[PDB]
Ligand SMILES: [Mg+2]
């Protein structure tokens, strides 16, 4: 059984983790200083978002040199000391791998853009104007507008699925692939334990580059004709030579493809993230619009991914949070009265699923969205732009602010709140982004000194995954599918079950075990609960607001 199957991963966004230098920006030395904290949480993998040399046009996802570290974050010596101090504590480290595109400041692009005959020209994707003066395709960039950028000096457009200074690498080019693999070897040989592969399912483009009527063009590069081939090749050349863990981040993918990506027979990736459960509060798929989450759809989404991947032999990365997503307690939980209870409930809801769980820095503290009530507190360029545009269109100030409070991509980027000192102890300087005033009540020092804290609830969930094999091997069975408040399910094992019951809302409601649930001869014991008010009988009882209970049933 691979070491990653029962692992729990702690996601670190270094800019906002811990500043040890006083410049207001988190750094690698800060992570080192926190390894004992991460071990205390009982995570055994650390995942760092991009720390590579980069102009920082796109939050580090525009990489100008894969072999060195952004100076702000520290030195390569720091990094190697982090690998060494981590491994000594039994913690593995995986890196973020961004190889769909490079910065246009990368050596290869500067060379390639110089002319149609430069050696590196075909490292990127170039096409001519259409006769009608239109771009090569009508495909849209995910940052909006055309996915093609004209390069005057050479007379062609290069492709960018993402931002303008993020030029898509040409994966049809075997030369490019080999260079990527060499780069991957460099890091593995340095001693990292794996990679999360950023938007990896878009590297295979339809080489006929046709126009998209019915859409924005994503139909022509998402889970494309050669993605499985490329990943498997990457497996043979790189992943197969190390004791590694690889997780792919998928854009707009499908269950069928994710089964192929992660079934061990494919020799592609170990697991994948998909984001469908994090779109359950998008009205009509509009990412910036306000709405309450659709609970039944959420349950349906989680259950499909559980049962289908289980049947297909695939593996899910399990998570609620990212540097790009709202903090989960504010989003699907209650960040007021029931902040602690609902944070624990959400943690249990997803950790008791089949797969490998990911904790985003500060989630274990129940950090909330910061509720910044003024435009000067925000940093994310997309938020600043959105405020500018909505202001120009005459939306009132308070209404724009409400939108940013729910949707700004800064929301989970505020500094980790360590203690109740200045700037929550994140920095002795001025943080690059403000700390909200809740820090005095919400911080690690306070959580670590409260036996009933969210932090220790996560610790227990993390250790349970090591202690109870059914969390890894049990199937998944949804019950109470139509219930408007309860998310409940079973994990069925060999004369052993888990029954997990989560109230997703702040009202009392009844749980009754369905008649088809055959538990004859099983004894029940509480595995973990966020409430000491335990039912006389789990078979029928009144669930308290945001109550979360897991029963361990055995013969
Ligand atoms: Mg610093």
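When the residues of the range 114-137 are narrowed to those that are within 15 Å of residue 153 (Cβ to Cβ), without any contact (Cβ under 8 Å) to a residue 12 or more places away in the chain and touching a helix residue (DSSP H, G or I) at 6+ places or on another chain (Cβ under 9 Å), which ends up surrounded by the most Cβ atoms within 10 Å (Cβ to Cβ)?
Only one residue tops the list, namely 121.
Only one of (1) in contact with a helix residue (DSSP H, G or I) (Cβ under 9 Å, 6 or more places away or on another chain); (2) within 15 Å of the ligand (Cβ to nearest atom); (3) within 23 Å of residue 455 (Cα to Cα) fails for residue 33. Which number is that?
The one condition residue 33 does not meet is (1).
Any chance the range 317-325 includes a residue that's buried (at least 21 other Cβ atoms within 10 Å of the Cβ), assigned to a helix (DSSP H, G or I), in contact with a strand residue (DSSP E or B) (Cβ under 8 Å, 6 or more places away or on another chain) and not assigned by CATH to the domain that holds residue 550?
no
So which of 283, 357, 326 ends up being in contact with a helix residue (DSSP H, G or I) (Cβ under 6 Å, 6 or more places away or on another chain) and either in contact (Cβ under 8 Å) with a residue 60 or more places away in the chain or farther than 26 Å from residue 224 by Cα (or both)?
On the way: 283 fails: in contact with a helix residue (DSSP H, G or I) (Cβ under 6 Å, 6 or more places away or on another chain); 326 fails: in contact with a helix residue (DSSP H, G or I) (Cβ under 6 Å, 6 or more places away or on another chain).
The unique qualifying residue is 357.
Just checking, which of 224, 217 is touching a strand residue (DSSP E or B) at 6+ places or on another chain (Cβ under 7 Å) and surrounded by 18 or more Cβ atoms within 10 Å (Cβ to Cβ)?
217
Residues in the range 332-351 that are surrounded by fewer than 21 Cβ atoms within 10 Å (Cβ to Cβ), farther than 19 Å from residue 411 by Cα and in contact with a helix residue (DSSP H, G or I) (Cβ under 6 Å, 6 or more places away or on another chain): how many?
Residues flagged as surrounded by fewer than 21 Cβ atoms within 10 Å (Cβ to Cβ), farther than 19 Å from residue 411 by Cα and in contact with a helix residue (DSSP H, G or I) (Cβ under 6 Å, 6 or more places away or on another chain) within the range 332-351 amount to 0.
For every residue, the table says whether it meets (1) without any contact (Cβ under 8 Å) to a residue 40 or more places away in the chain; (2) crowded, with 16+ Cβ neighbours inside 10 Å.
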site	(1), (2)
459	no, yes
464	no, yes
472	no, yes
488	yes, yes
495	no, no
504	no, yes
523	yes, no
548	no, yes
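Can you name the strands (runs of 3 or more DSSP E) wholly within the range 36-105 that have at least 2 residues being touching a strand residue (DSSP E or B) at 6+ places or on another chain (Cβ under 9 Å), in contact (Cβ under 8 Å) with a residue 12 or more places away in the chain and surrounded by fewer than 18 Cβ atoms within 10 Å (Cβ to Cβ)? Steps first, answer last, please.
Numbers: elements: 45-48, 65-69, 92-97, 101-103.
Filter on the range 36-105 gives 65-69.
Taking residue 350 as the residue in question, decide whether it is closer than 27 Å to residue 96 by Cβ and assigned to a helix (DSSP H, G or I). Reasoning before the result, please.
Details: closer than 27 Å to residue 96 by Cβ: yes; assigned to a helix (DSSP H, G or I): yes.
It is true that residue 350 is closer than 27 Å to residue 96 by Cβ and assigned to a helix (DSSP H, G or I).
So in the range 12-30, with the set limited to residues that are out of contact with any helix residue (DSSP H, G or I) (no Cβ under 7 Å at 6 or more places or on another chain) and in a helix (DSSP H, G or I), which one is farthest from the ligand (Cβ to nearest atom)? Steps first, answer last, please.
The initial filter retains those residues of the range 12-30 that are out of contact with any helix residue (DSSP H, G or I) (no Cβ under 7 Å at 6 or more places or on another chain), namely 13, 15-16, 21-24, 30.
With the extra rule that they be in a helix (DSSP H, G or I), the set shrinks to 15-16, 30.
On the way: 15: 9, 16: 11, 30: 7 Å.
Checking each candidate, the answer is 16.
Of (1) more than 16 Å from the ligand (Cβ to nearest atom); (2) farther than 30 Å from residue 451 by Cβ, residue 71 satisfies all except one. Which?
Status for residue 71: all satisfied but (1).
Need a quick list: strands (runs of 3 or more DSSP E) entirely within the range 152-219 having at least 3 residues that are assigned by CATH to the domain that holds residue 260 and touching a residue at least 12 places away in the same chain (Cβ under 8 Å).
Those strands (runs of 3 or more DSSP E) span 194-197.
With respect to residue 482, is the statement that it is within 29 Å of the chain's Cα centre (by Cα), in a loop (DSSP other than H, G, I, E, B) and surrounded by fewer than 16 Cβ atoms within 10 Å (Cβ to Cβ) true?
Numbers: within 29 Å of the chain's Cα centre (by Cα): yes; in a loop (DSSP other than H, G, I, E, B): yes; surrounded by fewer than 16 Cβ atoms within 10 Å (Cβ to Cβ): yes.
For residue 482, the condition - within 29 Å of the chain's Cα centre (by Cα), in a loop (DSSP other than H, G, I, E, B) and surrounded by fewer than 16 Cβ atoms within 10 Å (Cβ to Cβ) - is met.
Numbers and lists here come from the model and the stated rules, or from a named source; nothing here is a laboratory result. Reconstructed Cβ throughout: ideal geometry from the backbone, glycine too, with neighbour counts over all protein chains shown.
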